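These are the residues of each chain, in order.
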Amino acid sequence: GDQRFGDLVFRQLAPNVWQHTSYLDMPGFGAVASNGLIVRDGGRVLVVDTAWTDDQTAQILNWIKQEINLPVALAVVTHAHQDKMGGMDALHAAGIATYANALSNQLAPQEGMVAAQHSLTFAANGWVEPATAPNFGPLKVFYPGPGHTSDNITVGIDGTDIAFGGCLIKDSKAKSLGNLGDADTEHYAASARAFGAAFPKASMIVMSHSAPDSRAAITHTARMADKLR
Ligand SMILES: Cn1c(=O)cc(CP(=O)(O)O)c2ccc(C3CC3)cc21
Ligand SMILES: Cn1c(=O)cc(CP(=O)(O)O)c2ccc(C3CC3)cc21
Ligand SMILES: [Zn+2]
Ligand SMILES: [Zn+2]
């Protein structure tokens, strides 16, 4: 069920997992949805991605207060664009520890974003260096290589069938790869397939801008990227 809470929408995906959705008008595009995640890990909550704005991100924290009423231990942001990083100051005002790809933090200022407090680094095969992601509990963080951006990262939730490609993965009906502006058309297809191979148990693929999809979103994305090589 899609729970309306001020101008945002919350949908439960699993017993301990919810999707947050926020909207931003843009001319030529309409009121664009952006999704992130909320995970309960025992007596704390973990957030993946801000909303577009501080006010929206403050409303996510208000929804967590009312519907979960446990402290938010940390948030991880999946790339340095407004839809996933626009509410960083709201997280910092709430005393929430914040994490992003080192490259996301490096890009933040030129992208008009506020950097996270902590930088994630990755091994050669894409898995997060554990020292950089302390206390992440069931959040598994994977850098698939460059795609929608150079810095895009992905998350799976241990003990669920859920993984989140952020803006790397398009829905199975999408007509294009969308934002080519900061994209890596050469490496995109390999990056999409690497996400799939990182999270083989994830039957539910949470989309950046639409409803959850099947792993057909991953194949469709890879095939669309194969055309741009
Ligand atoms: C026009 N437009 C932007 O300038 C920025 C975004 C956010 P991202 O680049 O992270 O997808 C964005 C996201 C989705 C859409 C959809 C209506 C096509 C447009 C968007
Ligand atoms: C046409 N179009 C889409 O269908 C989907 C998106 C969002 P994403 O890059 O995450 O797929 C999208 C994002 C940005 C743009 C921007 C150039 C303004 C177009 C887009
Ligand atoms: Zn983006
Ligand atoms: Zn996007």
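Preceding block: the structure.
This report concerns the structure included in the present document. Along each chain, numbering proceeds from 1 in written sequence order. Entry numbering may differ, and residues lacking coordinates are not shown. Lettering of chains starts at A and numbering of ligands starts at 1, both following the order in which they are written. Processing note: side-chain calculations cover all non-hydrogen atoms of the structure and skip hydrogens and water entirely.

## Concerning the site of ligand 2
Formally: The cutoff for a nearby residue is simple: one of its non-hydrogen atoms must lie within 4 Å of the molecule or strand. Distance and chemistry together define a polar contact, namely a pair of N or O atoms within 3.5 Å, with one atom able to donate a hydrogen and the other to accept it when in protein, and with adjacent residues in sequence counting only for side-chain atoms on both sides. Residue exposure ignores everything except the shown protein chains as possible cover, and the areas themselves are Shrake-Rupley values with a 1.4 Å probe.
Looking at ligand 2, the residues that line it are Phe29, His148, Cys167, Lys170, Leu177, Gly178, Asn179 and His209. A distance of 2.7 Å separates an oxygen atom of ligand 2 from a polar side-chain atom of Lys170. Contact distances for ligand 2 include 3.2 Å between an oxygen atom and a side-chain N or O atom of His209. Contact with the protein chains removes 54% of the 470 Å² of surface that ligand 2 exposes when unbound.

## Remarks on the coordination of the zinc ion (ligand 3)
For clarity, the threshold we go by: Listed donors are limited to N, O and S atoms within 2.8 Å of the metal, widened to 3.2 Å for Na, K and Ca; water is not among them, so incomplete-looking sites are possible. Metal sites are grouped by the angles between bound donors: all angles between 85 and 135 degrees with four donors is tetrahedral, opposite donors over 155 degrees apart with the others between 65 and 115 is square planar for four donors and octahedral for six, and any other pattern is irregular. Under the scheme used here, helices are H or I runs from DSSP no shorter than 4 residues and strands are E runs no shorter than 2 residues, and both carry numbers assigned from the N terminus. Relative accessibility thresholds used throughout: buried, under 20% of the residue-type maximum; exposed, over 50%; partly exposed, between the two (1.4 Å probe, protein chains only).
Protein-derived ligands of the zinc ion (ligand 3) are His79 (NE2), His81 (ND1) and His148 (NE2), with the metal-ligand distances lying across 2.0 to 2.1 Å. Coordination at the zinc ion (ligand 3) comes from four donor atoms whose angles at the metal span 100 to 118°, giving a geometry best classed as tetrahedral. Binding-site remark: the zinc ion (ligand 3) is held by donors from one chain whose sequence spacing is H-x1-H-x66-H. Here the zinc ion (ligand 3) and the zinc ion (ligand 4) are spaced 4.3 Å apart. Within this pair, whereas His81 is found in the loop between β6 (72–77) and α2 (82–85), its partner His148 is found in the loop between β9 (139–142) and β10 (154–157), the two being separated by 67 residues in sequence. Taking the relative accessible area as the measure of exposure, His148 reaches 5% and is therefore buried.

## Some remarks on the pattern of salt bridges
Heads up, the condition is: Salt bridge criterion: a side-chain nitrogen from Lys or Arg within 4 Å of a carboxyl oxygen from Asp or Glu.
For the coordinates displayed, the defined rule picks out five salt bridges. Across the salt bridge formed by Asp2 and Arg11, the nearest N and O atoms sit 2.9 Å from each other. On the accessibility criterion, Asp2 (42% relative accessible area) is partly exposed. With a closest N to O distance of 4.0 Å, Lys84 and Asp83 form a salt bridge. Taking relative accessible area as the criterion, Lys84 reaches 0% and is therefore assigned buried.

## Considerations on the pairing of strand β2 (residues 8–14)
Note the threshold: A pair of strands counts as paired when DSSP detects no fewer than two bridges linking them.
Burial analysis of β2 places five of its seven residues in the buried class, the great majority of the element. Hairpin connection of strand β1 (residues 2–5) to β2: two residues between the antiparallel strands, including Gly6 at a positive phi of 40°. Relative to strand β3 (residues 17–26), β2 runs antiparallel, the two being bridged by five bridges. When the sheet's bridge partners are listed, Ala14 is paired in β3 with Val17. Linkage of β2 to β3, two consecutive antiparallel strands, is achieved through a turn of two residues.

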